[PDB]
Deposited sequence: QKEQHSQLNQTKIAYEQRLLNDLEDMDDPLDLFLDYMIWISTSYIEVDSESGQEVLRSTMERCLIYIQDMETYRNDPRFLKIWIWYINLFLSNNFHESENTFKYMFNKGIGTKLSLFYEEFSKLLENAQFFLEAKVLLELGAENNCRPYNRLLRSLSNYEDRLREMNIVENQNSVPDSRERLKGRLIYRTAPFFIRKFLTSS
């Protein structure tokens, strides 16, 4: 009874993606509605199908919306990228970093504090300690919003740096610059396009 209703809802959303997206003012909203439904209702009943459908839907969303310049600094869009990285790329630093680099190259999220906070966190966890600091400072120099929160994120990070006895001896900036040079789209994007 529940499973059947859930399956009809899945097909209803899939049809809407085919029929309705093209004419929408806010096509991102339809993807968001569907992803929220999958991650709550659908995955609670069928975790293995739900995982696959969530991953595919998120990839479709990113691919469909990515070349629409109007969405470049939409915080809702940014969050989908970061959810994707966290859910699906967490065991893969290179693909995670490549995703952030691809976004950076396309100007996705580059005016939003969250982008720099999350990208810095990735580098921090990977022990690129001073590159992670420079990335936060880069966000501030690009006038990213919310600005004050970014400044507090940087302050808290400097506190973590002191707890590990870390200071410079500008190579960290040049090291970050080297890390930021765009090379290739992440594999999940390339695989989607070729499939």
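Worksheet item: So which bits of the deposited chain never got modelled?
Response: Seq positions lacking coordinates: 1-2, 172-175, 202.
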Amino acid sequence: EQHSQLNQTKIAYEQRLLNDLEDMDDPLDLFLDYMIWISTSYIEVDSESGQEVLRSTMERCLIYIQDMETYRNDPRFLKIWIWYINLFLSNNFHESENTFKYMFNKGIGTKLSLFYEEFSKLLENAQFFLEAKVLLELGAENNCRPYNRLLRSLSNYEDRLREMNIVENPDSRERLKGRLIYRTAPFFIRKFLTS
From here on, numbers count along this sequence of modelled residues.
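Worksheet item: Looking at the deposited entry, does 154-162 or 28-36 carry the larger mean Cα B-factor?
Response: Taking the mean C-alpha B-factor of 154-162 and of 28-36, the larger value falls to 154-162.
Worksheet item: On average, which has the higher Cα B-factor in the deposited entry, 121-129 or 73-81?
Response: If you average the C-alpha B-factors of 121-129 and of 73-81, the larger mean comes out for 121-129.
Worksheet item: Per the coordinate record, which of the options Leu136, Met68, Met58, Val167 holds the highest CA temperature factor?
Response: By C-alpha B-factor in the record, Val167 ranks first.
Worksheet item: Would the CA B-factor of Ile63 place it in the lowest, middle or highest third of its chain?
Response: Lowest third.
Item to complete: Grab the CA temperature factor for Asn91 from the record and place it in the lowest, middle or highest third of its chain.
Response: Tercile = highest for this residue's CA B-factor.
Worksheet entry | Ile43 - which third its CA temperature factor falls in, relative to the rest of the chain | It belongs to the highest third of the chain when residues are ordered by C-alpha B-factor.
Discussion item. Splitting the chain's C-alpha B-factors into thirds, which one does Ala140 fall into?
Written reply: Tercile = highest for this residue's CA B-factor.
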